[PDB]
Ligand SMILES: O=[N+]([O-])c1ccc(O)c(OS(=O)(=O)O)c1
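As a starting point, one isolated chain is supplied in structure tokens, in the form deposited without this ligand.
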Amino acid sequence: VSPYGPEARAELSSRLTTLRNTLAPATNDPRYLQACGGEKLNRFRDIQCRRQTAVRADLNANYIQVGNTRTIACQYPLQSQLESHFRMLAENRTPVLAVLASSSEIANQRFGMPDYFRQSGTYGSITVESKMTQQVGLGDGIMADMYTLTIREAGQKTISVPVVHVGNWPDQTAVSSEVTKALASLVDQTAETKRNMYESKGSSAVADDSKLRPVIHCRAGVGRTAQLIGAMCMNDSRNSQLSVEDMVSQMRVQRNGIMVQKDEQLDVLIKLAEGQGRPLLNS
């Protein structure tokens, strides 16, 4: 019985579905962050944010840790949320922002997805400038454009955050294991270089485990975001022997039960796990 056959995968699904169903938000569910006084918090009323790992009280965003890998996963900020977003970005001394929402989605004004990282702008007390720098082929026609976001605010020290935008990964789809491995590497290396810069400067953020965390988001922050996160988790040697079952239960327990949304996205994670001889199921 191959540990990666229909049967075993049949069990993994069984388990993860039970979990997803259990995590479904209830009305004013105490496990999930609730909108304060009118301003909308959630982009999709059914894609909620665990109160326990909430990064900010007014953002749909979570601190996530699978094994030893620390990141922040979030929704695409709404217009009213942009200043707090940049605030989170800066305090985190963000080593790397990875946006996985496509240019078409961003372009489409019915989606309310402000084009916040490709243009300069002012947002309350914070002003922002963008600067394109490189473009990298990941494979399969998938392309990553990179920008550098300089976030300034009076009385605050200026922070730069490097951005990696995969402009052509469609929603509800899964890019191949190879493009996925290639993007994870691209995100780790970008994070590494920026981290090292803070470190050579003696940033105190370097000590704090609630900071220097890569920030990743597609539109909802549970499909494309989750697939990439599971991939970063897999190419960190310290997560040796963590199974695909644990990987997914920790993401679901720290954000919402939808994390790793489509079945095909779970297949990409399973291929990489297999290529590693990483176990699918616990016990």
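Residue indices: 1-based, along the sequence shown.
**Q** If you take the mean CA temperature factor per stretch, which one wins between 162-170 and 149-157?
**A** Taking the mean C-alpha B-factor of 149-157 and of 162-170, the larger value falls to 149-157.
**Q** Higher average CA B factor in the deposited record is what I'm after, so tell me if that's 132-140 or 187-195.
**A** Of 187-195 and 132-140, the stretch with the higher C-alpha B-factor average is 132-140.
**Q** Determine which member of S176, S203, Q81, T94 has the highest CA B-factor, using the values in the deposited entry.
**A** Each of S176, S203, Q81, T94 was compared by C-alpha B-factor; the highest is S203.
**Q** By the entry's C-alpha temperature factors, tell me which of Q75, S125, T71, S104 sits highest.
**A** Comparing C-alpha B-factors across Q75, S125, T71, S104, the top value belongs to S125.
**Q** Test of reading the entry: by CA B factor among the chain's modelled residues, which third contains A98?
**A** Its C-alpha B-factor belongs to the lowest third of this chain's values.
**Q** Once the chain's modelled residues are ordered by C-alpha B factor and cut into thirds, is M259 in the lowest, middle or highest one?
**A** Bottom third by C-alpha B-factor.
**Q** Should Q65 be placed in the lowest, middle or highest third of its chain by the C-alpha B factor in the entry?
**A** Lowest third of the chain for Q65's C-alpha B-factor.
**Q** Would you mind checking where the Cα B-factor of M113 ranks among the modelled residues of its chain, as the lowest, middle or highest third?
**A** Bottom third by C-alpha B-factor.
**Q** If you rank every modelled residue in this chain by C-alpha B factor, which third holds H217: lowest, middle or highest?
**A** According to the entry, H217 has a C-alpha B-factor in the chain's lowest third.
In what follows, reference is made to the form solved in complex with this ligand, a form of this protein that is not presented.
**Q** Go through 221-229, 237-245, 27-35, 56-64 and give me the stretch that gets within 4.5 Å of this ligand in the entry with it bound, heavy atoms only.
**A** Comparing against this ligand in the entry with it bound, the contact stretch is 221-229.
**Q** Report whether the minimum heavy atom distance between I47 and this ligand in the entry with it bound is within 4.5 Å.
**A** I47: yes, in contact with this ligand in the entry with it bound.
**Q** Using a 4.5 Å heavy atom cutoff, which residues in 234-261 contact this ligand in the entry with it bound? It's fine if the answer is none.
**A** Sequence-ordered list has one entry, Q261.
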